[PDB]
Amino acid sequence: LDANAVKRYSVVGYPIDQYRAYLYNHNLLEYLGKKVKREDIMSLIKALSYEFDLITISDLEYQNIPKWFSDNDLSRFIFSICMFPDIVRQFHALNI
Amino acid sequence: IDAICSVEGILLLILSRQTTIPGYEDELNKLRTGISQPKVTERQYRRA
Amino acid sequence: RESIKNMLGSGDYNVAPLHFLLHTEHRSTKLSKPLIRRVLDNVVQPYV
Amino acid sequence: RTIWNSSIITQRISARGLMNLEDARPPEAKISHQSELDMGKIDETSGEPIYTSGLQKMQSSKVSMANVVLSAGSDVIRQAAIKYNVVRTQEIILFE
Amino acid sequence: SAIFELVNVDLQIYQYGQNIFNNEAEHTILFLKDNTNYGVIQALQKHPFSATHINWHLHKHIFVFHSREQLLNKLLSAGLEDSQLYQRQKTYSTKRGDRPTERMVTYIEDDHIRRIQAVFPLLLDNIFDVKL
Amino acid sequence: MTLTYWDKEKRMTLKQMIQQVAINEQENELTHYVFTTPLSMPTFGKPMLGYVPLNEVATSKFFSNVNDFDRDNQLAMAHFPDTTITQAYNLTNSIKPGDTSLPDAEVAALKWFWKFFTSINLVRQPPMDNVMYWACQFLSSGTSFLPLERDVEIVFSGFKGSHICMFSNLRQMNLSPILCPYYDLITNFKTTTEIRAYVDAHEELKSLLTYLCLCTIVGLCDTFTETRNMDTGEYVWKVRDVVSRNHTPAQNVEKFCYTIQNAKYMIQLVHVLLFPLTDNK
Amino acid sequence: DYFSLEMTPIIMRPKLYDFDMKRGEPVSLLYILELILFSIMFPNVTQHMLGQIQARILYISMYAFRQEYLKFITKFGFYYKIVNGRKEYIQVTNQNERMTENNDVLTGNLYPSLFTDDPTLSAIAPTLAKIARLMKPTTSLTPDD
Amino acid sequence: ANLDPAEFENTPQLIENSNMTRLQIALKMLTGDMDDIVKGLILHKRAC
Amino acid sequence: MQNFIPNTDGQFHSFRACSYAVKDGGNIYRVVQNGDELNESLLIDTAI
């Protein structure tokens, strides 16, 4: 449970191989829990817009937003663009 | 782009003997005992 | 509770969900030994 | 018979024989190892079922059909939908 | 203080050298949003070419250069100046000013620049006919 | 009793602490740093009420580099001096089933500690070279806290080498009803002398925090190598010149691929648990 | 509906819908006046929206008063906390996010600034004492025997 | 250091840390006891 | 009869809106429900 007392999930024993169970628990506990801040979404939708704006967001609870960050972001980029230049074509297409 | 990067990574895992992961390091010497490095080259890499 | 409520009177009623701007959630309803207390600084005080 | 296994070839034999040749235990029947019927708690953070002794069920290299699993219930496809309110501050062109 | 409390961005300004008819900024000084030391280390970590004095003005300004080998000459000039200053300090003939030392600090883990800056504070005796 | 350090084979943390070697080298780094009040920086007006655990999933979620799910203010129920703790060490504000709370001093100490842990990326923690210095200081000179005057290398020999499993049986380890009396001593204003006497005497927590500082440095260093003696199942792994060649966390994905904010967690940890040994503010 | 919303027991803290404001020009003062009227007409609903109104009016002031604004922040930064009868002021020493509106400002030991007198408030940043004094209801208190 | 920003000193993290766990799981599973290949045996005729 | 929770003492000094609440064995339901929560029936406009 939690505050406000909303049933999140239920643990239960069962006969099943250890790996499958590990996986079922793992991807669930991943689907729970705040994966991103609020001011962060604020910052994103601010950066993608006109430069004189105020933004307001609401109810970032119980909603699961997949994260698009990685400390490696620059690394994965420079790795991708280096060995697959064709990507820049669709880059330019997005921009146009 | 994350998808293509993960593809390249996972493929890099089962080849190129000169890389491990922080841990097991032995079931890799169970897995990659089928490739028989260094008979592997491009024609094969692209098929993979 | 539904079986009884359909045997005392008529109509319908809910069990205290909590709203939001878009979605609602149905908090749990158990109510064993309810008590009324005042809550200073989000810490339930004892009765005084 | 001619062939003979030189090493052990029975790791996947949970039980051999449910008979009762003399209405008792057959003197060479094999019930399962107690290792494969353990149901220990899970660290509530990353699944990872552990044995009751404290050893994790991920290092013994022995399968076991007695672990636990989570279950969400009624809200797993609650999909990420939020609303945002924008407001300009400086018009593009003044006096207009 | 008022400015920084009102804007909350680091402030960057340039220095365009002598010989007025030049406009290229040979380098750029940069003021920090939090005059404490921790912020100095922080901002110095990024900005891949940086240096700062030891004078209290440290708290208010960091440097940012253009290249890898633009650091070297500035560091060497500052080192010659620190030689002159150490000398004129030896005989307690310190001018109407401050800045105990002139040398710099940096985080460039370059073998060459670190070799220079390490061997330097052991040769603070001689006079190096600065620019004359 | 602390935890059977697992390797597929049991342990007692004492064999596993006398298992290593801390051997010194040249190049005296005459660079004696100084301690610092550990910058509690607690604040936010949006807590998470309810039953928040405080022992095992607590320590795992915080220091086992498990999911970096923003791991935020949820500990903010460490201000508000009127909260309570239930013997399983669940911090709450409403003890439900007639369950009992702890005595006062215990509560004071525990809240003090986690309060220090509340809100990292607003904490202004000190650079890491210094915290490496203090860590090696402690585990080398002992509780006397003499400056190093040298440099140190660490080496482990014979484990069925699983330093990942070291971090794991950390993930499965409780600490609160181990370090409670210690911070209790620091709450009611005792002094360095008597608390050093204490840590020397009890020696259950001494081994623990030895192991803990050790694990944090091996997880945040980058002069690390490992090897398996291929005649038996036995890894020898070494970390060389711990304090001179380290200035940032690690990313070599061969040893322990460590993220960032949990790293600043870890340095806050070693900071705030070595704090009460040393001298004045 | 708005008029009836004056008396029924509020159970969920309300937020304001629309907010238009030009950043530099002196027209936003119109919006200030709009909410002053909306406060002098329904003193009840304001009692809860106080949290949002704090940050909004303060923002607008910051772009139309500078000496008063930053001086005020320096002294009476952002929040009352009644320690034991005294009132300690906590600030926000960072322009990271000043214009937040979600800080449970009306329950818990955390009061908004701008409002309780501390007569030194005036004669420190006028037009802000002038704003605040204009909004307090000051009508009556009647029993309902 | 400090020119190469922070994370170019080594092989770059390709697979995401979450997916790494799923990798490890499948590895440990398929290389454990569920393996099948077995080495060596002995020919000998006996009427046992 | 509907209205029984007063909405103000007047002065915008320490009002401290009502704080009675029902505790139900661990779970706690509040009357005023602090925290980020509302419904379009209560999002109000000013231009009115």
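First to last, the sequence lines map onto chains U, L, B, W, D, F, S, E and G.
In short: position in the first sequence from 1, add 337, done, that's the deposited numbering.
In short: position in the second sequence from 1, add 818, done, that's the deposited numbering.
In short: position in the third sequence from 1, add 866, done, that's the deposited numbering.
In short: position in the fourth sequence from 1, add 1106, done, that's the deposited numbering.
In short: position in the fifth sequence from 1, add 132, done, that's the deposited numbering.
Anchor point for the sixth sequence: position 120 equals 120 in the deposited numbering, and the numbering is continuous, going up by one each time.
In short: position in the seventh sequence from 1, add 481, done, that's the deposited numbering.
In short: position in the eighth sequence from 1, add 914, done, that's the deposited numbering.
In short: position in the ninth sequence from 1, add 722, done, that's the deposited numbering.
The beta-carbon is built from N, C-alpha and C at its ideal position, and this holds for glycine as well.
Residues that residue i bridges to, as DSSP identifies them
i, result
"S/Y592", "S/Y561"
"U/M379", "According to DSSP, which records beta bridges pairwise, U/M379 is partnered with nothing at all."
"F/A135", "DSSP lists no partner for F/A135."
"F/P53", "F/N90"
"D/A183", "D/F195"
"U/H429", "Answer by DSSP bridge pairing: none, since U/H429 is not bridged."
"G/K745", "B/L901, G/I750"
"F/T84", "F/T92"
"F/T227", "F/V236"
"U/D390", "W/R1194"
"F/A22", "F/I154"
"S/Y570", "S/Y561"
"U/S347", "W/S1177"
"W/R1122", "W/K1136"
Local conformation of residue i per DSSP, three classes
i, result
"D/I245", "helix"
"F/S157", "strand"
"B/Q911", "coil"
"residue 841 of chain B", "Residue 841 of chain B lies beyond the range of chain B shown here (867 to 914); nothing can be said about it."
"F/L220", "helix"
"D/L264", "coil"
"W/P1155", "strand"
"F/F63", "helix"
"D/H159", "strand"
"L/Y863", "helix"
"F/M266", "helix"
"W/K1136", "strand"
"F/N121", "helix"
"D/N169", "helix"
"S/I492", "coil"
Same chain only: Cβ atoms within 6 Å of residue i, ignoring 5 sequence neighbours per side
i, result
"residue 268 of chain D", "Outside the shown range of chain D, which is 133 to 264, sits residue 268 of chain D, and nothing can be said about it."
"D/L143", "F163"
"D/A134", "none"
Residues of its chain near residue i, where Cβ-Cβ distance is below 8 Å and the 5 sequence neighbours each way are ignored
i, result
"F/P81", "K111"
"U/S407", "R413"
"S/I571", "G558, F559, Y560, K562"
"F/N24", "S140, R150, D151, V152, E153"
"B/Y913", "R903"
Cβ shell of residue i (< 7 Å), same chain only, five flanking positions each side left out
i, result
"F/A88", "none"
"W/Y1157", "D1144, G1146, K1163"
"S/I491", "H529"
Expected contact under 8 Å - CB spacing of residue i and residue j to nearest Å
i, j, result
"D/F260", "D/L190", "In fact, because the Cβ distance is near 25 Å, the residues do not count as touching under 8 Å."
"F/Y51", "F/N90", "5 Å"
"S/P507", "S/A545", "6 Å"
"F/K255", "L/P856", "The pair is not a contact, with the Cβ atoms about 27 Å apart (cut-off 8 Å)."
"W/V1169", "E/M948", "7 Å"
"F/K10", "F/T4", "5 Å"
"F/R150", "F/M41", "That belief does not hold up - the Cβ atoms of F/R150 and F/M41 are roughly 34 Å apart, past 8 Å."
"S/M580", "S/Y550", "With a Cβ gap of about 13 Å, S/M580 and S/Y550 do not count as contacting."
"F/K238", "F/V155", "4 Å"
"L/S824", "E/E923", "Not quite, the Cβ-Cβ distance comes to about 22 Å (not below 8 Å), so this is no contact."
"F/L75", "F/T118", "5 Å"
"G/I766", "S/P495", "6 Å"
Under 8 Å by beta carbon: chain H residues contacting residue i
i, result
"W/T1151", "This model lacks chain H altogether, as its protein chains are U, L, B, W, D, F, S, E and G."
Where the segment 1131-1142 of chain W meets chain U: residues whose CB sits under 8 Å from a CB there:
none
What are the residues in the segment 889-907 of chain B lying within 8 Å of chain F by C-beta distance?
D907
Against chain E: residues of the segment 405-419 of chain U by CB proximity under 8 Å:
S407, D408, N409, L411, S412, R413, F416
Short-range partners of chain F found in the segment 825-845 of chain L, where Cβ spacing is below 7 Å:
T838, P840, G841
Of all the residues that make up the segment 1181-1197 of chain W, which are near chain B by a beta-carbon distance shorter than 9 Å?
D1181, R1184, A1187, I1188, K1189
Short of 8 Å Cβ to Cβ, which residues in the segment 110-131 of chain F face chain D?
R124, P126, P127
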